Trainee: 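One structure coming up, written as structure tokens, with questions to follow.
Atoms considered below: every heavy atom in the structure, side chains included; atoms not considered: hydrogens, waters and symmetry mates. In what follows, residues are counted from 1 in the order of the sequence shown.
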Amino acid sequence: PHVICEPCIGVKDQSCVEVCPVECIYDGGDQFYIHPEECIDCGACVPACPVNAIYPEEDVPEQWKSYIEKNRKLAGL
Ligand code: SF4
Ligand code: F3S
């Protein structure tokens, strides 16, 4: 799955929402999040975010690893 990290907070641009083929990006309050069980890993959302907040799970920066679980918790997992 792909993960929305720190940069989204305080921005919530939402350009990512319009390019996701499965509509699995949801409002999580302080940031949007990607539902892990729905995401098909097509990667379309990556170039769409103006603040580079989205990363494939395997490539999430070491400093932002906590966002993997955050997206999971927001998804209710
Ligand atoms: S990787 Fe594809 S399916 Fe997953 S959130 Fe991004 S646009 Fe949607
Ligand atoms: S700011 Fe957040 S709402 Fe989408 S376009 Fe970037 S991950």
Side-chain angles (χ1 to χ4, degrees):
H2 276 52
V3 180
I4 293 180
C5 303
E6 188 162 295
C8 186
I9 302 176
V11 179
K12 299 175 65 178
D13 178 86
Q14 297 166 67
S15 288
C16 60
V17 177
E18 61 182 275
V19 302
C20 180
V22 293
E23 304 169 349
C24 64
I25 300 178
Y26 309 95
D27 191 346
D30 68 342
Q31 65 168 96
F32 267 68
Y33 68 92
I34 289 170
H35 193 120
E37 309 290 293
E38 297 179 355
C39 177
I40 61 177
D41 284 304
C42 69
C45 56
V46 176
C49 180
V51 291
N52 305 307
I54 309 176
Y55 286 88
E57 180 167 347
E58 323 81 75
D59 301 313
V60 170
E62 206 66 64
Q63 301 76 12
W64 290 340
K65 301 278 280 186
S66 65
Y67 285 90
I68 295 169
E69 185 55 29
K70 187 180 180 182
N71 278 239
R72 285 177 55 85
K73 280 178 183 176
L74 289 175
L77 303 174

Trainee: Taking side chain as C-beta onward, heavy atoms only, is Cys42 less than 4.5 Å from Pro21?
Mentor: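 SC-SC contact between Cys42 and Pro21 confirmed.
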Trainee: Is the shortest heavy-atom distance from the side chain of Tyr55 to the side chain of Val60 under 4.5 Å?
Mentor: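 Yes, side chains in contact.
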Trainee: Are more than 12 heavy atoms, taken from residues, nucleotides or ligands other than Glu58, located less than 6.0 Å from that residue's CD atom?
Mentor: yes
Trainee: Working to the nearest 0.5 angstrom, can you tell me the gap between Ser66 OG and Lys73 NZ?
Mentor: 9.5 Å
Trainee: Is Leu77 close to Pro36 at the side-chain level, that is, under 4.5 Å between some pair of heavy atoms?
Mentor: yes
Trainee: Give, for atom CG of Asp27 and atom CG of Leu74, the distance between the pair rounded to the nearest 0.5 Å.
Mentor: 9.5 Å
Trainee: Taking a hydrophobic cluster as the set of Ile, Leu, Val, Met, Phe, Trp and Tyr residues connected by side-chain heavy atoms closer than 4.5 Å, whether directly or through intermediates, do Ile68 and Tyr33 fall within one such cluster?
Mentor: no
Trainee: If I take atom SG from residue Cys16 and atom CD1 from residue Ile54, how far apart are they, to the nearest 0.5 angstrom?
Mentor: 4.5 Å
Trainee: Answer yes if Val3 and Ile9 sit in the same cluster of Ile, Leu, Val, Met, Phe, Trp and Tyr residues linked by side chain heavy atoms under 4.5 Å apart, and no otherwise.
Mentor: yes
Trainee: Is there a ring pair (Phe, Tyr, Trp, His ring centres under 6.0 Å) between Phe32 and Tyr26? Walk through the geometry before answering.
Mentor: CA-CA 5 Å; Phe32 267 68; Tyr26 309 95; 8.7 Å; no
Trainee: Can you tell if the side chain of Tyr67 reaches within under 4.5 Å of the side chain of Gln31, non-hydrogen atoms only?
Mentor: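 With C-beta onward as the side chain, the pair touches.
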Trainee: Is any side-chain N of the basic residue among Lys12 and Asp30 closer than 4.0 Å to the acidic one's carboxylate O?
Mentor: no
Trainee: Looking at side-chain heavy atoms only, is the closest gap between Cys39 and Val22 below 4.5 Å?
Mentor: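 No. Closest side-chain heavy atoms not under 4.5 Å.
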Trainee: Side chains of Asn71 and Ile4: closer than 4.5 Å at any heavy-atom pair?
Mentor: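 In short, these two side chains touch, coming nearer than 4.5 Å.
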Trainee: With heavy-atom distances below 4.5 Å as the criterion, would you say the side chains of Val51 and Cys8 are in contact?
Mentor: no
Trainee: Contact between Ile25 and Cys45 at the side-chain level, heavy atoms closer than 4.5 Å - yes or no?
Mentor: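 Counting from C-beta outward, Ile25 and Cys45 do come under 4.5 Å.
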